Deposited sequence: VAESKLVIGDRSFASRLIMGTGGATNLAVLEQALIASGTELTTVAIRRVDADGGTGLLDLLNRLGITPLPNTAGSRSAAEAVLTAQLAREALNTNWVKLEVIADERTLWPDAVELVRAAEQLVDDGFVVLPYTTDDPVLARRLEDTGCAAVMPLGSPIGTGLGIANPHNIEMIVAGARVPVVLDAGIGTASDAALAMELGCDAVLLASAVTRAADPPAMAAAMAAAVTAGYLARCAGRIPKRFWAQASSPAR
C-alpha cells in the first residue's frame, strides 16, 4: 500500500481540484477517481467531508517562503490538519517552482510539525535536499501545471526514484491515461493530477480512466516486463 507520513492509502491517485468547473461534476469525478486524498487551494471542503476524502491543503499561488508558511499555518488552525501540499512559484507564465524559497519553506514547516508534500522540479539534487529536510514525499513535475504535455523527462524521474527513501509522486502536467501509467512504470509511488480531469470534456469518464491507468502502471511495474529486443 502507499504509505505517506502516518497514513496508508488504498489508492495511488491523488486528485487536485484546480480547474473544477462546478461542484456537482467535481463530485462525480472524485467518486470515479477512487481517490482518498484531494488537494484544495487555501463548498469544496464540505464536499470532501461528505465523500470521506482527506483534504490536502495547498499553498497554490504562493510567491515566497513567508507567504507559503503563513498560508499553511492559517490552514492548519482552521482545518485541523498538519498535512500540506507546499507550492512556491517563481513565475506566472511557467508556474515553475522557486527552488530556493521552496526549501526555505519546507525547513520551516517541517520544524513547525507539518507533514510536507512539496511540488518540485525534476532536479535530483533538489529532491534529495527536500527529503533530507524532512518532507514526507517528493513530488516532481512531469511538465508544467495544466499543459497536458505528459512526462517531459522520464530519465530524471528514474534518477529521483533511484535515489529516494520517501514516496515519489508525479505531480503536474499529466494529459491522458498513458502518461499516468508511464509515471508508475518509471517507479513513482503515486500520481497527482487535476487539469487532465477537471478540464476534460467528460471529467467523470476521465477520472475513471486515470484510476485505471494508475492501477495499470503500478501492476505493470510490479509484474516484471519483457526486455526490449531489436529482432522478433
Exercise. Where along the deposited sequence are residues missing from the model?
Worked result: 1-4, 47-55, 246-252
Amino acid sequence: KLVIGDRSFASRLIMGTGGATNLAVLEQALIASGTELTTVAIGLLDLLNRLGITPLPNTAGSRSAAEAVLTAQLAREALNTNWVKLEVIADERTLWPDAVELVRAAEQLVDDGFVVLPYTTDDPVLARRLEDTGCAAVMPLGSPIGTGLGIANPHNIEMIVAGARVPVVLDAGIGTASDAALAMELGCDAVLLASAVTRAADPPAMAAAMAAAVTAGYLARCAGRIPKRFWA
From here on, numbers count along this sequence of modelled residues.
Problem set entry | Average Cα temperature factor in the PDB entry - higher stretch of 151-159, 78-86 | 78-86
For this session: Going by the average Cα B-factor in the PDB entry, point out whether 54-62 or 177-185 comes out higher.
Result: 54-62
For this session: Name the one of 214, 220, 20, 14 with the greatest CA B-factor according to the PDB entry.
Result: 20
Seminar exercise, completed: Per the deposited entry, the peak Cα B-factor within the set 40, 168, 37, 206 goes to 40
Exercise. Taking the C-alpha B-factors as the PDB entry records them, is residue 49 in the lowest, middle or highest third of its chain?
Worked result: highest
For this session: Could you tell me which third, lowest, middle or highest, the C-alpha B-factor of residue 140 occupies within its chain?
Result: lowest
Exercise. In terms of the CA temperature factor given in the entry, to which third of its chain does residue 117 belong: lowest, middle or highest?
Worked result: lowest
Exercise. Among the modelled residues of its chain, does the C-alpha B-factor of residue 68 lie in the lowest, middle or highest third?
Worked result: highest
